[PDB]
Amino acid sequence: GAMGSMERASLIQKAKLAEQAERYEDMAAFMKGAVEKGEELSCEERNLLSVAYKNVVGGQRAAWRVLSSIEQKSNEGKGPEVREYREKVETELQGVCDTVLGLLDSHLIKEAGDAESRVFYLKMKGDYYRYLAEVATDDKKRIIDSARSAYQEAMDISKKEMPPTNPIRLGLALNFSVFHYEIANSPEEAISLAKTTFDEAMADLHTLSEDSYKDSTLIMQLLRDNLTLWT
């Protein structure tokens, strides 16, 4: 529980209903319950897990950035309320990251043998350590290196086992490049990774169906957008 008494199929069905209703907290709770049934997740189910928690922590991060900005302005010679409330949101955010990292560690990653499932989960692990790094203040260094390590393992597998146009490989590369730029203070590594990823994908588009082409080029455009921003 609290999802322990519901059928796995019903949890998945309700996660999809929650997505339609834009009820992402519910969606995440349903997907947590589905994961905790102990069976591996399908491709579509992995996407549902990603969508649910990404939206939840997305709201929390946006709120945290608002409050952090206000707190920063408050400094530079009122009361403790701004800091308290930022800490409240921060704690809640960390709790969600810890929850997702918990699911990945118990036991999604260890049972994921196929390249695309394994890369998917390791990319997710990198992301949630990155979100923890965004608010960390030297616990921070170990957090950053945990993000790096997860991204790196995912990169190694994806380069060996997936085509350069694979959307999971592309999405991993885009986020690892964002990690380099935003977290690791390595803009040159960020730019290099983004460019090589984009160029290697470009060269492989000719192999793709119209639908696969659409999928890949969409993410390539986001890579390009970041490069334009960075240079």
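Rigid core (definition): largest C-alpha set, two forms, superposition within 1.5 Å. Start at 1 and count along the sequence shown; that's the residue number.
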query	finding
Greatest C-alpha divergence in 9 other deposited structures of this protein once each structure is fitted on the rigid core, 186-194 or 199-207	199-207
At least a third of other PDB entries omit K78	yes
Missing residues, deposited sequence, between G77 and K78 (class: none, 1 to 3, 4 to 9, 10 or more)	1 to 3
Count class of coordinate-free deposited residues lying between the neighbours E76 and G77	1 to 3
Residue range whose averaged C-alpha B-factor is higher in the record, 206-214 or 21-29	206-214
Higher-B stretch (mean Cα B-factor, as the entry records it), 98-106 or 119-127	98-106
Chain-relative CA temperature factor third for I12	lowest
Third of the chain's Cα B-factor distribution that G171 belongs to, per the entry	highest
Entry-reported Cα temperature factor of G58, expressed as the chain third it lands in	highest
CA B-factor ranking of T228, expressed as a third of its chain	highest
Chain thirds of CA B-factor: placement of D145	highest
